[PDB]
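> Pasting the sequence and an experimental structure:
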Amino acid sequence: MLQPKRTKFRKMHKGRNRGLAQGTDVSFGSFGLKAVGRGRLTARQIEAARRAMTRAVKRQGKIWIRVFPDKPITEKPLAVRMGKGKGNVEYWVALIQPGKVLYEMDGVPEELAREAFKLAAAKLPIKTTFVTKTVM
Amino acid sequence: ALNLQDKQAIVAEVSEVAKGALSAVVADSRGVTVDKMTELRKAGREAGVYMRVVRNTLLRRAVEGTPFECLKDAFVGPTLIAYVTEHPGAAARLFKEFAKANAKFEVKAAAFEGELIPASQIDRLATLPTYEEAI
Amino acid sequence: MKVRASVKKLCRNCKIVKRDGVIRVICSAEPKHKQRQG
Amino acid sequence: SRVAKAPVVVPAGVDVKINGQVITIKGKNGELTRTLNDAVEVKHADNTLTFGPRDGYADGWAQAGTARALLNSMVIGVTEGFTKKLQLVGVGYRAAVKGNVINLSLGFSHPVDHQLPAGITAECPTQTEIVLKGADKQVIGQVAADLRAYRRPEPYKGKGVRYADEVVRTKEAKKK
Amino acid sequence: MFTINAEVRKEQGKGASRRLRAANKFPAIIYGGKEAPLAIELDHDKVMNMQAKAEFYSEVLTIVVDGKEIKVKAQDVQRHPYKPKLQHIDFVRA
Amino acid sequence: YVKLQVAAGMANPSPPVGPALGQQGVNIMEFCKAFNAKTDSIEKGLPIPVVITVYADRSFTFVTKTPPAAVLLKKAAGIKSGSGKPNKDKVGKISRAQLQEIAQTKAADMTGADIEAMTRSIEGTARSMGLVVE
RNA sequence: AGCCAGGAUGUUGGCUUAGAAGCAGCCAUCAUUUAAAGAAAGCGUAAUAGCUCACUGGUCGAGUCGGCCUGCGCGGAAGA
RNA sequence: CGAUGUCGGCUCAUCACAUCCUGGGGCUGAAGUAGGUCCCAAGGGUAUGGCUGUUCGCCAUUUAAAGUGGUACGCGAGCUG
Ligand SMILES: [Mg+2]
Ligand SMILES: [Mg+2]
Ligand SMILES: [Mg+2]
Ligand SMILES: [Mg+2]
Ligand SMILES: [Mg+2]
Ligand SMILES: [Mg+2]
Ligand SMILES: [Mg+2]
Ligand SMILES: [Mg+2]
Ligand SMILES: [Mg+2]
Ligand SMILES: [Mg+2]
Ligand SMILES: [Mg+2]
Ligand SMILES: [Zn+2]
C-alpha cells in the first residue's frame, strides 16, 4: 500500500482538482491504463487494482504505477462537533485529472494486457481507457 | 482460410501433375471414414497413384490447361482425384474394388487420351493389365 | 432465473434476447445460465 | 428480407383469393385464412406469390418476411398437411382417442380429457403414442404444447409427455 | 507516399482553433528553412488514418496547400488527452 | 469391442485383463491360451497390443499388433520407467541406428510412406517421455 | 448463417493411481496419413465406450463480420 | 423557551413493502417429504406466558405464521404513571 516515507507537513488544505493531466503518454511500457474521469485514487484502490492485474499476467512481464498517493486526507469521527482543530490523517489519495496514465505494462501480448487492465479497472472509482505506446 | 497465394499454389501443384500423369480417375468420397482412406492412400502410393481432394472450383482451373477439359461436368459434388504418374491404369482398378467393398459413393468419371468416359463405361481402364504384358 | 444489472453471455449456447424491453440471457445447454436484467 | 424476397410457388389444385390484406388458401387438405399486416403488400401473378414492403411503413421487410413464411406453411398446410407426434414415458401412462377427445391417464386422481379444436385430428397407433394431423402449423403446434403441458418431461427419469423428436436430458439426484 | 491536402488558415488563436476541431478539422504548422512559417488546417478523419501507420513519422510526406506541393517530415504531434484524436501537428520542411 | 495390452507370455491374472474384458461376454480360458500360443515368437518382457472383435453369439476374433512406440523406447535406452517431467528431466539416450530399429518393426501399424516418415513418428514419442536423441 | 460428410494414425503420449485410454492432476505438446482433425474446447464412464466442437471437402448463391468517432433512447430504479 | 408534556404499557389504529404465513413462478449442490435462493404478489391473516419500568432480549409452550418499517420513536383536551 503506497504512502510517502516522510513529509514536510502532516495535514494538507483541501484544494481543488481542476485542469488536464500531465503525463499522458505510455513512457516506460508498451501498454497503459489512462484516466478518462476526474477524481481521487486512494492507496487501497491503487493496491486493489495492482493486485488484480498482477494475478492476471501470472507475474510475467513488468508493471509500473505512474501515480503516487502523496495527498493526506483528514476525517472527523462520530459524535464530534465542528471546529476544535483539523481532523486526523486517515488515508492518502492521488489527485487524478483526465488523461493520466495510471498503470503501464510490457512483456505480455496485447490480448492479455487488455484483460489484465479490464480486471483492474473494476477496482477503480474513475473511468479508464486502454492506451498503446506511440511513435512521438 | 485459403489465401489466393495458397489457391494459386494448389492450382499449380495439380496443373504440373496433370501434364505428367497418364490415367486420371475422378470420384465421390462422402461418408467414408479416414481409416478406409489412409488405407486407399497406402494402396495408391504403392501403385504410383497420386491421391488428392481439391475444391471443384480450383479443379476447373488446373484442368483448363488441357487435356482433361472434359472432366468439367465431373466437378459437382465431393471430388477425389487419382492421377496415375507411373503406368496407365492402376487407380481405375484400385477404385472399382474399393467402391464395391465399401458400398459408399458411386465414382463420377474416368479420363484417358484427352477423352471423356461415362460412369457406365469405366470397365475400359479396369480390364487393362501391365506394361509389362506385351512380352 | 438470475435477476441482476449486468446480464452477460456465459457459454457459447447463451443467446441475448429482448422480450418486452427486458434484456434476457436465454440458454439451451445450461438452465443455470438463464438471466433477466433487473 | 432474404425470406420475403424468396417466392411461394402455389401448386396445381391450390386456389388463392386476395381481398386487400385478407388471404384465403383452398386446397385438398382444407381451407385457411389469414389477415396480413398493413405494412405487407402481396402480389399474385403466375403460379407464384411475391411479398414486399408498403411505402411509408418502417418495419416493412420484417413484416413482409413473416407474411411469406406464414403463407408458405399455409400452402403446405392445404396440400401435404402437418404432423406432430408425442410419446408418453412412465409407468401407468396411457392415452386413447374417442373422436375429437384425447383421453390421457397421467398419474392424476382424475383422467385428463383434452378436446381438440377445428381442423386438428388425432390417432393412437399405441397406448403410448399420440399423432396429430391438420392444416394450420400454428394450431397443431399449440395442441401439441397443451398436451405436453399436462406432464412436462421430468429431469430425473424423463417421465412425461414428450415430442417424438424431443431430447430429454436427465440428471442424478443429490449425493447424500 | 503520403499525400495530405490542406488550406491556409484565415484566422489564428484559441476561439478559431476550437472552432476547427468542432468542425472535424485541426490546425497544424509548417516551418523550417528561409521560408516564413505556414499556418494550415487539416481534415481530421483523413490525417488520423494516415498517422496510424508508423511510416508516417519516418518518411517524407507531401502537403498540397492550394495547388502547391510542399515536402515535409512530421516533427511534433499534439494528441487529445484521452480520446483517439489529434489536436495539432508540427511539420518541418524537408 | 475393446482394446488391451497384455504381456508376450502372460495372460490370465484378475487385476489387468480379468473383469475388464470378461464383463462384455468373452471366455476367460479360451482367449488366455490362444493368445500366448501365437505370441510365443515375441521376445520375453515386451508388452504386445491386441484388439478384440466380439459378435452377438459371444464368439471372438483377434488380430495381434506390433509393440507400442512408448514401450520399445524403454528397452532401447535401458530404462524401466519414463520421466515424470519430460524435456525437463533426461532419463536416457538413443542413437539414430536405434530409431530406425523401432520404426522397421512398427512398419505394419504406421501410417508413413517412407523410412524417414516412420522415424520422425518415433522421434516425437521419445521427446514426450524425457528421452533425448544422442 | 443453415444443411450433407469426415473429425484419423503412432497412441491407452509419459509420469501418477485400484483406474487416468483427449477429458482428477502434473509435465511435454511433436510427428504421420492429410481436404482437414488440438497428443484435444465441453458434457459423459469405475476406467473404456458414446455425443459434439476447433478445422476441412460438398451444397447454396450474394453479401457478411466487429472495432472506431458520434446523436437520441433502454435496463440499473423499493416507502410510508 | 409570553410552554410543541418525556419512556414503556392499555385502548384504538392507518399506511409502505425491503413479504413472516397463505397464493403463483424460475434456478437448485430440487428423487419423494422437506429445504435453499431469487422473481411476482400487500387480499386477508400474523401467540399466550415466566423475568424485568422496559421497548428489546433471554427463556417456556404454542401457531400456517408469531414479518420489517412510516404515522410528533402514531395515540395523556383518551386512560395509566
Ligand atoms: Mg410477457
Ligand atoms: Mg474564450
Ligand atoms: Mg458455411
Ligand atoms: Mg402562545
Ligand atoms: Mg416486492
Ligand atoms: Mg443474494
Ligand atoms: Mg397486511
Ligand atoms: Mg407467579
Ligand atoms: Mg415457527
Ligand atoms: Mg410517540
Ligand atoms: Mg387526564
Ligand atoms: Zn449458457
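Received the coordinates, thanks. Numbering: from 1, shown residues only, chains lettered A, B, ... in the order given. Ligands and ions are numbered 1, 2, ... in the order given.
> How about the contacts made by the residue in chain C that RNA strand H sits nearest to?
In chain C, the residue found nearest to RNA strand H is residue C:1; the distance is 3.2 Å by Cβ to the nearest atom of the strand. C-betas here are computed from N, CA, C, even on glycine. If a contact means Cβ atoms under 8 Å, 6 or more residues apart in numbering or on different chains, then residue C:1 has C:34, C:35, C:36 as its contacts.
> That one looks like it's in a strand, true?
No: counting by DSSP: H, G, I helix; E, B strand; the rest coil, one finds residue C:1 to be coil, located in no strand.
> Relative to residue D:168, how far out is it?
Residue C:1 sits 21 Å away from residue D:168, taking Cβ to Cβ, to the nearest Å as the criterion.
> ditto for residue A:110
Distance, residue A:110 to residue D:168, by Cβ to Cβ: 45 Å.
> between these two, which one's more packed in?
Taking residue A:110 and residue D:168 together and counting by other Cβ atoms under 10 Å in any protein chain shown, residue D:168 has the greater number of neighbours (14 against 11).
> The more buried one: what secondary structure?
Going by three-state DSSP, the secondary structure assigned to residue D:168 is coil.
> Identify the residue of chain D closest to ligand 12, quick one.
Distances from chain D to ligand 12, computed as Cβ to the ion, single out residue D:169 as the nearest residue at 13.7 Å.
> Would you map the strands across chain B?
Along chain B, counting by DSSP state E, strands occupy B:23-27, B:49-53, B:80-84, B:109-112, B:115-117.
> which one of the contacts of residue C:1 is nearest residue A:89?
Distance to residue A:89, by Cβ to Cβ, is smallest for residue C:35 among those, at 44.5 Å.
> where do the strands sit along the chain?
You didn't pick a chain, so chain A it is. Counting by DSSP E, one finds strands in chain A at the ranges A:31-35, A:39-42, A:62-65, A:71-75, A:88-96, A:101-106, A:128-132.
> nope, chain E please
Using DSSP E, the strands of chain E run over residues E:3-8, E:25-31, E:38-43, E:61-65, E:68-79, E:86-93.
> okay, the angle between the fourth one and strand E:3-8?
It refers to strand E:61-65. For strand E:61-65 against strand E:3-8, the angle between stretch directions is 40 degrees (axes from the mean of the first three to the mean of the last three Cα atoms, to 10 degrees).
> Run through the neighbouring helices and strands of strand E:61-65.
Of the remaining helices and strands, those touching strand E:61-65 by 3 or more Cβ pairs under 8 Å, 6 or more residues apart in numbering or on different chains; DSSP states H and E are strand E:3-8, strand E:38-43, strand E:68-79.
> and it with strand E:25-31, angle?
Using the same axes, to 10 degrees: strand E:61-65 against strand E:25-31 is 110 degrees.
> Neighbouring strands - and their directions - for strand E:61-65?
According to DSSP bridges, the neighbouring strands of strand E:61-65, each with its direction, are strand E:3-8 (parallel), strand E:68-79 (antiparallel).
> Tabulate the CA atom coordinates of it in PDB.
The C-alpha coordinates for strand E:61-65 follow below in PDB (Å, rounded to 0.1, in the frame of the first residue of the first chain):
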ATOM      1  CA  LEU E  61       5.300  13.500 -46.800                       C
ATOM      2  CA  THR E  62       3.900  15.900 -49.400                       C
ATOM      3  CA  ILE E  63       1.400  18.600 -48.400                       C
ATOM      4  CA  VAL E  64      -1.000  20.100 -51.000                       C
ATOM      5  CA  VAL E  65      -1.600  23.800 -50.000                       C
END
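> so how far is it from its chain's centroid?
On the basis of Cα atoms, centre = their mean, to the nearest Å, the separation between the geometric centre of strand E:61-65 and that of its chain is 9 Å.
> Thank you, goodbye.
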